[PDB]
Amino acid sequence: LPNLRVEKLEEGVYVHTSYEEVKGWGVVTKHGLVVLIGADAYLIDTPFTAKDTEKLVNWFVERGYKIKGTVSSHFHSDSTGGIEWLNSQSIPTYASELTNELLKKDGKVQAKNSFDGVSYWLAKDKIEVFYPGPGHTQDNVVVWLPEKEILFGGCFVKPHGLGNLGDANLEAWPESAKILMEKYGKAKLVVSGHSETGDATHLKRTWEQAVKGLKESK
């Protein structure tokens, strides 16, 4: 497998890409962000592993950044795998109350800090965690960077197909996607967990895929 990749998207915003061999299934490629605000770095999703979470943290700590906080966009291991390691390093971890409940139900380590607001703001006015409603999972949130007009759609944004529906809410996905398109249609870039970054048409495409997926299910 490829090693952890970190690439600059633009000033202050990096995409981290990690790779997992899923036994009996195939290989999963997962994108998240590192967001720099002054001398602080925020991880938007952890890699699958403690190993890769540490490599990612060390890359930014060696450039002088504090890892100020991490946000997990949903309970799946491709957003949360590194939480236990981060908690051991006293790096504040955040996830919604629902995400923490789903982690606990699967016997996984919880984020230290939780929230249930529909919007939760980090770095005062620079990092918005938003819940559009169920889709890919019950608990999926997106992360908006208003100063860059970049949306981290995570694993909710699926412009080319819905992927694994095991934990999905197909009935809710269309409305959640319509809510997301209506609020973040001004987006310059939409970063997805499993596909290449796109423009704001990734939101409409996800809505189309969710509508199509629901209808095929019926």
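For every residue, the number given is its place in the sequence shown, counted from 1.
Annotation for 137-145 versus 107-115: the higher mean temperature factor (C-alpha) is found in 107-115.
Comparing 97-105 with 126-134, the higher mean C-alpha B-factor in the PDB entry belongs to 97-105.
Of all the options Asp45, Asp40, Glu54, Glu182, the entry's greatest CA B-factor is assigned to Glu182.
The entry lists C-alpha B-factors for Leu36, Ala50, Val28, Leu162, and the highest of these is at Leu162. In this PDB entry, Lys204 carries a Cα temperature factor that places it within the highest third of its chain's modelled residues. Among all modelled residues in its chain, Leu189 ranks in the middle third by Cα B-factor. In the deposited entry, the Cα temperature factor of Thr70 places it in the lowest third of its chain's modelled residues. Annotation for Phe156: CA B-factor lies in the middle third of the chain's modelled residues. When the CA B factors of the chain's modelled residues are split into thirds, the value for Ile150 lands in the lowest one.
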